[PDB]
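Given as structure tokens, the chain that follows is alone and in the form deposited in one PDB entry.
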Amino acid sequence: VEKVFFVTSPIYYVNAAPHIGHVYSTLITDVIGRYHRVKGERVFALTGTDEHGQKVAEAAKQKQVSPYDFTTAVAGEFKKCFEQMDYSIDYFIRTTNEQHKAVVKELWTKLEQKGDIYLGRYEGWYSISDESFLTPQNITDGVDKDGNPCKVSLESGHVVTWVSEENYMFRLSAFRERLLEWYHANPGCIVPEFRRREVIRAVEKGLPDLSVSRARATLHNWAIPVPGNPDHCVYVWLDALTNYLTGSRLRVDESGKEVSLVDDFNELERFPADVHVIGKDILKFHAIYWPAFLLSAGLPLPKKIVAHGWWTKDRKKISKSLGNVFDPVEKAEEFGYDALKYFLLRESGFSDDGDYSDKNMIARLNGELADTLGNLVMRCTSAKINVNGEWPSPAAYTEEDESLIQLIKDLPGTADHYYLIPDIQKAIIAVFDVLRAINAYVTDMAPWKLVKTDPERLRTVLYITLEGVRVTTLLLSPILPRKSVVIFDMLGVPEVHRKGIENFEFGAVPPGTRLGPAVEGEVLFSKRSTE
């Protein structure tokens, strides 16, 4: 089926300034979208801010300013950050948006008409910081920021409070068997596999009904009113998850502003998400509640949920109060935007909790970007080796020649599979496995020597090198968007050959193509010292 490839990030609470976790999640969303655009697909990538709720309302109250002013300011910080990070997200959604508000009321009414919302009570634990209902098995003893004994979440370590409230309840218990059929019938729907097994195990054990409203006082009236009952507000998470539906129904102008909300999602051909990128901390909301709501409402389910891990810096937790900051904009100015992105996507896989150190960052920048990629690009574009600044016409291929060609022809299929899991780390490793192979080839053939000794042989070696670099670069263009453009300019690849599955083929750029001009000082990635 041909639709718009729809990929999303979580919408982030605006209780505090943006940081690495938000940047990382949105990066993964951005990269997936970028890859599908280079395949020549229609793409709609979505990110944004989650602006209602007790968490955020109380964050605003502690800064002594109104929730409207606070959310608008912090949302502004998120937008600025994401612009500075040079992403290619199609739309930034805010849950305070009036059109989203309308979609939530629609979904609610659908759930009610379906017979799946009833008036009950929740009596149990709740984490305001996570906006999460917790069973007693998921809480333990801890200390509040007074240092007094309290209860905390086993999930997150945040303070938990006991809630006892007449609330509208969603019939999640009724959806156990249908969710289990869904997980088994679609064994690639949750990635990575151990998180899928986690979800199945949790749902096997049984599901309780879920509170989808709260008394209005508790939310400091900072929430969407329940249709037909203005004493209740819609659960922040039902509101929040609905952002994906809203996004699928907004017509956006070229400026990035929303202009119109269509009645039926089929009009825009986005819904359901092909990939929801999330962090492991919000798996239940996306893999259990969300599909339950969609099943109730009669809407189609997402194709994949991919859940990544958390970051540490110098093997310590990230927090400004502890004395260990990791600012992405700061590190990107220092080391480079594409390089920082490369590092975040290369150092850790979605199954892992990654670790940034300036040491390891410099190791990769120098080792892989500079010595593997950059070195190769400069050799095959050098006036020394490539005396005519053109793509030569290859002569006969030796067997060693063809072993390398095979690797280059095989690469796109392999990278494609990894990008589709999605497992960006393995995609990158795959591409650099091929770059390392081209380097060893170039060392072996010593093309600097061939300029004088065997110019016909040099033609062959230089051509293979140019083409392996082109193909590897194309496949890395979602990871290194700005640098890929430089590389292609240096190689003189025409614009048309910088996109499309046609150009995944070995040989798409014809011999005789002229390289772009050299600069006196230029290097792609500059090595950095190890202080």
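Heads up, when I say rigid core I mean the largest set of C-alphas that superpose within 1.5 Å between the two forms. Residue indices: 1-based, along the sequence shown.
Note that the form deposited in another entry isn't included here; everything after this is about it.
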Core-superposed between this form and the one not shown, the one of 132, 153, 97, 312 with a C-alpha shift of 2 Å or more is 312
| said: Is residue 355 displaced by at least 2 Å at its C-alpha between this form and the one not shown when the rigid core is overlaid? | reply: yes
Assert for residue 353-residue 130 (C-alpha, 3 Å or more) in that other deposited form vs reference form: pair farther
One pair moves by 3 angstroms or more in that other deposited form: the C-alpha atoms of residue 196 and residue 312, which are closer
